[PDB]
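Residue numbers (the numbering used here), protein chains in the order written: chain V, 233 to 331; chain E, 2 to 51; chain F, 60 to 97; chain R, 404 to 507; chain U, 330 to 371. Virtual Cβ for every residue (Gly too), placed ideally from N, Cα, C. Some notes on the structure that comes next.
Shown next as structure tokens:
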């Protein structure tokens, strides 16, 4: 499963281009972001190429993701609820209805 | 709930702008309707403004 | 304790201009990233 | 099974493809997304953009001249942030509209 | 679910309602004041 997802991660920069669908193009992640950024948004090339290091705000976002994986992060709570769901019926419903 | 619908009506003209979904511009409903009429249908300014 | 709290829906309200020139709201910061759904 | 169908679409809509959509992607403009497995399913890390410092600037619609070859501009003429002196390739040439001297 | 839905609905800059929207356009969608006219009808 990690093999599948790591191939996906590798494919990101190549697949994400005007190219189209699968036609991946081996491209650096940096260039991929600056194209996605000059294209989805109206930030001009001068704002991106002349001054970069927006990398720092990117990495702050990634770090906050990494630091807080606690339940209060609402999304992580749903994963716990799904696990509690199937444990509930398998671990409890069966055991209590056979005692 | 009404506050939300009123906010949506106010932002209807501005949000319908190609440059940005978040980006917003003070715009009249009339001009927005003409841009939308050109946006999917291709009746040009000559058909619309006249 | 201390009941009665009522929030508000006010956003950032740009005003329509009578003149042909039209005001628009433009940002100065990037503030990227968010935690997302499962 | 239905939500798995949603997962297949989510990866194609946000991760593998780019944004240019307003509904099946991360809050604000969508820049990139990542996936990792999770208990019983996938886990999504949509990365977005956020404005956060809106400034109200008056802007003319278009630019004409004596003649009328209009160029479709913060007000003398500025072509998400900062100002640019010359359009060069930024301005196209559509037909004229009302309230002349500008497309207005 | 309600709270989540409403948050997605807004997140936009809205011009304050002016009883005149588009020129020569007629909108029932305005507020009389509290629950616009078409909402009252349904």
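Three-state secondary structure (DSSP) of residue i
i, result
"residue 451/R", "strand"
"residue 477/R", "strand"
"residue 335/U", "helix"
"residue 323/V", "helix"
"residue 315/V", "helix"
"residue 306/V", "helix"
"residue 355/U", "coil"
"residue 330/U", "coil"
"residue 13/E", "helix"
"residue 3/E", "helix"
"residue 469/R", "coil"
"residue 506/R", "coil"
"residue 419/R", "helix"
"residue 328/V", "helix"
"residue 462/R", "strand"
"residue 255/V", "coil"
"residue 436/R", "coil"
"residue 8/E", "helix"
"residue 347/U", "coil"
"residue 501/R", "coil"
"residue 88/F", "coil"
"residue 444/R", "strand"
"residue 474/R", "coil"
Given residue i as reference, the closest of the options once Cα atoms are compared
i, options, result
"residue 354/U", "18/E, 5/E, 35/E", "35/E"
"residue 405/R", "477/R, 450/R, 444/R", "444/R"
"residue 473/R", "415/R, 408/R, 414/R, 498/R", "498/R"
"residue 476/R", "462/R, 485/R, 468/R, 489/R", "462/R"
"residue 394/R", "504/R, 415/R, 421/R, 426/R", "As displayed, chain R neither begins before 404 nor continues past 507, which places residue 394/R out of reach and without an answer."
"residue 433/R", "21/E, 33/E, 29/E, 40/E", "21/E"
"residue 18/E", "62/F, 84/F, 94/F, 66/F", "84/F"
"residue 278/V", "500/R, 491/R, 485/R", "485/R"
"residue 464/R", "76/F, 67/F, 96/F, 60/F", "76/F"
"residue 491/R", "475/R, 414/R, 427/R", "475/R"
"residue 446/R", "414/R, 487/R, 420/R, 495/R", "414/R"
"residue 487/R", "275/V, 307/V, 241/V", "275/V"
"residue 431/R", "466/R, 483/R, 442/R", "483/R"
"residue 435/R", "470/R, 420/R, 442/R, 493/R", "420/R"
"residue 442/R", "331/V, 330/V, 313/V", "313/V"
Whole-angstrom distance between residue j and residue i, CA atom to CA atom
i, j, result
"residue 429/R", "residue 328/V", "42 Å"
"residue 321/V", "residue 412/R", "29 Å"
"residue 273/V", "residue 285/V", "17 Å"
"residue 352/U", "residue 31/E", "6 Å"
"residue 92/F", "residue 360/U", "37 Å"
"residue 438/R", "residue 236/V", "10 Å"
"residue 326/V", "residue 319/V", "10 Å"
"residue 507/R", "residue 50/E", "12 Å"
"residue 12/E", "residue 298/V", "35 Å"
"residue 449/R", "residue 315/V", "23 Å"
"residue 365/U", "residue 348/U", "12 Å"
"residue 79/F", "residue 481/R", "17 Å"
"residue 290/V", "residue 256/V", "24 Å"
"residue 337/U", "residue 502/R", "38 Å"
"residue 87/F", "residue 323/V", "53 Å"
"residue 367/U", "residue 358/U", "6 Å"
"residue 408/R", "residue 300/V", "29 Å"
"residue 455/R", "residue 417/R", "23 Å"
"residue 410/R", "residue 440/R", "11 Å"
"residue 7/E", "residue 458/R", "23 Å"
"residue 94/F", "residue 271/V", "23 Å"
"residue 23/E", "residue 339/U", "11 Å"
"residue 460/R", "residue 342/U", "14 Å"
Run of the alpha helix (DSSP H) containing residue i, from where it starts to where it stops
i, result
"residue 30/E", "30-40"
"residue 510/R", "The requested residue 510/R does not occur in the structure, where chain R is confined to residues 404 to 507."
"residue 368/U", "366-370"
Boundaries (first-last residue) of the beta strand (DSSP E) holding residue i
i, result
"residue 340/U", "Looking at the DSSP string, residue 340/U is not in any beta strand (DSSP E), and its letter there is neither H nor E."
"residue 63/F", "Taken as a continuous stretch (DSSP letters only), residue 63/F belongs to no beta strand (DSSP E), as it is neither H nor E."
"residue 360/U", "Where residue 360/U is concerned, there is no enclosing beta strand (DSSP E), given that its DSSP letter is neither H nor E."
"residue 79/F", "Taken as a continuous stretch (DSSP letters only), residue 79/F belongs to no beta strand (DSSP E), as it is neither H nor E."
Contact with chain B by residue i, beta-carbon distance below 7 Å
i, result
"residue 348/U", "Among the chains of the structure shown, chain B does not appear; the protein chains present are V, E, F, R and U."
* What are the start and end residues of each continuous alpha helix (DSSP H) run of 4 or more residues lying completely inside the stretch 274-304 of chain V, in chain order? -> Taking only runs of at least 4 residues, the alpha helix (DSSP H) segments lying wholly in the stretch 274-304 of chain V are 287-299.
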